[PDB]
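1. what's the 3D shape of this:
(chains A, B, C, D, E, F and G)
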Amino acid sequence: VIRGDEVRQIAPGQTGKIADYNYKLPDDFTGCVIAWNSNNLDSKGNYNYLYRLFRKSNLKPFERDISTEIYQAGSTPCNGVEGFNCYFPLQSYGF
Amino acid sequence: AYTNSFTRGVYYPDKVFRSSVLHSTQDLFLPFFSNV
Amino acid sequence: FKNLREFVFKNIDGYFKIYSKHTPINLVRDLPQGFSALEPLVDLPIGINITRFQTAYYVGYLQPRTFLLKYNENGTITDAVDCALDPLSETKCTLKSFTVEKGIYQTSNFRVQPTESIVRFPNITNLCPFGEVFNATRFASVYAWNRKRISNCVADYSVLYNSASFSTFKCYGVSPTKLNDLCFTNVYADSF
Amino acid sequence: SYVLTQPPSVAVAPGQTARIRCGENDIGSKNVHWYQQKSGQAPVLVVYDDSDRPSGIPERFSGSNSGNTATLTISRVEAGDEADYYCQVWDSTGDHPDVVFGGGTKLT
Amino acid sequence: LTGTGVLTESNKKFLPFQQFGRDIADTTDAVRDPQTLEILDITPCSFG
Amino acid sequence: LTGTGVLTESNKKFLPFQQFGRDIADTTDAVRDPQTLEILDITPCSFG
Amino acid sequence: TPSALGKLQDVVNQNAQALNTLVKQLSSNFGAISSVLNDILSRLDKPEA
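-> Numbers count the residues shown, from 1 in each chain, chains lettered A, B, ... in the order given. Sure, structure below:
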């Protein structure tokens, strides 16, 4: 589930937000990507759907983990609802 | 604990039926005449 | 001890491969002369990041090598040659046959492997002025085009390409792949 | 309509740092230059670009251009710095090309 | 695939794992099927 | 710039517009540090 | 005079002219944008790149 401005990471193909951090394809990927404009199906404001903000490194293809994995710049691991120099991984988005 | 190992983990280089050929496949394989 | 069991798992691109073979053993602690030719059956997905595993059993460490084989008419592995073991087997790998005649054989050459990556960045934190130049209210006419020199940027070029507002982005003398990792001397911006 | 605005005066102790700025709206999209005029003689340029300096004038004088400011920094202030300074942002100015000068800073 | 050649059964060494394959010079060299359990290498149609 | 090499202090006197260099094979053979204004040359590592 | 040894001087100049010429075909673009290969070897995804 992606927006309309972010079709261009999977056509023709580069790294990005949606590419590295949300649904990753291989760097030498030769298979078929599946995509269609389906505005009437997600829309019903649909604020239930989620996304990932940012990560320390660019991820490998087909990764899904429901884990509390925080982005941070320092080496010290932060925990809680808010962390020092810490951005939250899982956030909702609206359509 | 060290043990000398001869020719462990050698595998066919493809899924292809291989016969009567000298196949020069550079491939990720375990080395020979080592210790495990 | 009677049984020796092993499997090979290789993790590339999120895949999780399974190779299967069983082998009887008559030795307690040492390893026998013979081989173990495994055969794959099924490949699975995982979806998670795996760096450690925890469990009669054996572990392997994998390094890339070069190998040259020989096959009979029936289709069975007769012998195998590790082309980086000793330079005799490297000569066997170069000459494509397992018999080597008498002489000097010019196999390959070498160069020193690096130890680590050394990056000499300019040690200043700053956002580059492409946020300010592109977001300008006033542009000029085409015969009297504005010119700007931009000197110090440590921030990335990722906002150049990768946006749907930038409809036409033909780069002639450079690829858009090179934009994220480059280092240059001067930046000129012309606007009309 | 673009007109350069400069403060009238600033006073510093010798051997210390001085902060002289010429900053308006969207000046970071344009180039800034700096000049020195002593009282009764011809002006001399001391800063060529947003940060680059010409020859003769040492590393005492430095500057940077970011956002809505362009600030000249004078380090280890001596007696010879007491002069007139002007910023010279070039602009298209509604397709009538102008060399716009600033109001002038007097450093004492 | 497309093969213009004489077709005859073979009795090669096979697995279900080794179902498909090609020659070292990339002609057709490994076919297995549930219809006829023999292997197939396409000898060409006496071309010359 | 990505590359493998060991650099020493260059004895060449360069004017400040000369930052990089183009040799007879058009590769980078001279380079100047951005923090300190020293000059260094580029050769790769040892061969054999 | 170099006129006697000019046969092998032409042989060594033909060889070394071919060698530094072969360095000039190291320099040349042949239609490309650079003599280096670092323009695509960077972190974007490459199904077509």
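
2. what sits closest to whatever residue of chain D ends up closest to chain A if chain neighbours are left out?
-> Per CB to the nearest CB, residue D:66 is where chain D lies closest to chain A, at 22.3 Å. C-betas here are computed from N, CA, C, even on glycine. In space, not counting the residues next to it along the chain, residue D:66 is nearest to residue D:28; the distance is 6.1 Å by CB to CB, 6 or more residues apart in numbering or on different chains.

3. next: residue A:90.
-> The spatially closest residue to residue A:90, leaving aside those adjacent along the chain, is residue A:50, at 5.8 Å (CB to CB, 6+ apart).

4. contacting residues around that neighbour?
-> A:90-93 (CB atoms under 8 Å, 6 or more residues apart in numbering or on different chains).

5. can you get me a residue count around the residue of chain D closest to chain A?
-> Look at residue D:66: counted by other CB atoms under 10 Å in any protein chain shown, it has 16 neighbours.

6. got the contact list for it?
-> With CB under 8 Å, 6+ apart as the criterion, the residues that contact residue D:66 are C:126, C:129, D:28.

7. select the longest strand from chain C.
-> strand C:15-24 (DSSP state E).

8. send me the following helix or strand past that one as PDB with only the CA atoms.
-> With elements assigned by DSSP states H and E, the helix or strand that comes after strand C:15-24 is strand C:39-45. Included here for strand C:39-45 are C-alpha records, laid out as PDB according to Å, rounded to 0.1, in the frame of the first residue of the first chain:
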ATOM      1  CA  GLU C  39      21.300 -32.300  -2.400                       C
ATOM      2  CA  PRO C  40      18.600 -29.600  -2.000                       C
ATOM      3  CA  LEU C  41      14.900 -30.300  -1.500                       C
ATOM      4  CA  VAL C  42      13.100 -27.100  -0.500                       C
ATOM      5  CA  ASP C  43      13.700 -23.400  -0.100                       C
ATOM      6  CA  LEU C  44      11.800 -21.400   2.500                       C
ATOM      7  CA  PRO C  45      11.200 -17.700   3.300                       C
END
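
9. compute the inter-axis angle for strand C:39-45 and strand C:15-24.
-> 150 degrees (axes from the mean of the first three to the mean of the last three CA atoms, to 10 degrees).

10. direction included, what does the longest strand of chain C pair up with?
-> According to DSSP bridges, the neighbouring strands of strand C:15-24, each with its direction, are strand C:3-8 (antiparallel), strand C:39-45 (antiparallel).

11. interface residues of chain C facing chain B?
-> Those residues of chain C that sit near chain B, judged by CB under 8 Å from any CB of the partner chain, are C:8, C:19, C:29-31, C:33-39, C:58, C:60, C:62-75, C:77, C:80, C:82, C:84-85, C:93, C:96-98.

12. show the buried residues in those residues.
-> Using 16 or more other CB atoms under 10 Å in any protein chain shown as the burial test, the residues of chain C next to chain B include C:8, C:19, C:31, C:35-36, C:38, C:65-69, C:71, C:75, C:77, C:80, C:82, C:84-85, C:93, C:98 as buried.

13. circling back to that earlier point, specify which member of the contacts of residue D:66 is nearest to residue A:21.
-> Comparing those against residue A:21 with CB to CB places residue C:126 closest, at 24.9 Å.

14. phi, psi for the residue nearest to residue A:21 when sequence neighbours are not counted please.
-> Leaving out its chain neighbours, the residue that sits closest to residue A:21 by CB to CB, 6+ apart is residue A:52, at 4.9 Å. In terms of degrees, to the nearest 10, the main-chain angles of residue A:52 are phi -110, psi 140.

15. who does residue A:52 bridge with?
-> Under the criterion used here (DSSP bridges), residue A:52 is bridged to residue A:90.

16. mind telling me what element residue 35 is part of?
-> If you meant another chain, say so; for now it's chain A. Counting by DSSP H and E, there is no helix or strand that carries residue A:35.

17. meant chain G actually
-> Element membership of residue G:35 [criterion: DSSP H and E] is none; it lies in no helix or strand.

18. show me what contacts it?
-> By CB under 8 Å, 6+ apart, the residues touching residue G:35 are F:25-27, G:26-29.

19. not counting sequence-adjacent ones, nearest residue to the residue nearest the centre of chain D?
-> The structure's chain D has its C-alpha centroid closest to residue D:34; by CA atoms, centre = their mean the separation is 3.8 Å. Taking CB to CB, 6+ apart, and ignoring the residues beside it in sequence, residue D:34 has residue D:47 as its nearest neighbour in space, at 3.7 Å.

20. give me the nearest residue to residue A:47, chain neighbours excluded.
-> If the residues on either side of it in the chain are set aside, residue A:47 comes closest to residue A:94, at 4.6 Å by CB to CB, 6+ apart.

21. please apply the same query to residue C:183.
-> In space, and not counting its chain neighbours, residue C:183 is closest to residue F:1: 6.1 Å by CB to CB, 6+ apart.

22. what's the burial count for that neighbour?
-> Residue F:1 sits with 11 neighbouring residues when counted by other CB under 10 Å.

23. same question, the one 4 residues further on
-> Burial of residue F:5 is recorded as 13 neighbouring residues (other CB under 10 Å).

24. that one sits in which helix or strand?
-> In the assignment (DSSP H and E), residue F:5 maps to no helix and no strand.

25. quick check, residue G:42 in contact with residue C:174.
-> No: applying CB atoms under 8 Å as the test, residue G:42 and residue C:174 come out as separate, 11.0 Å apart.

26. tell me the contacts of residue A:58?
-> Taking CB under 8 Å, 6+ apart as the criterion, residue A:58 is in contact with A:15, A:20-21, G:43.
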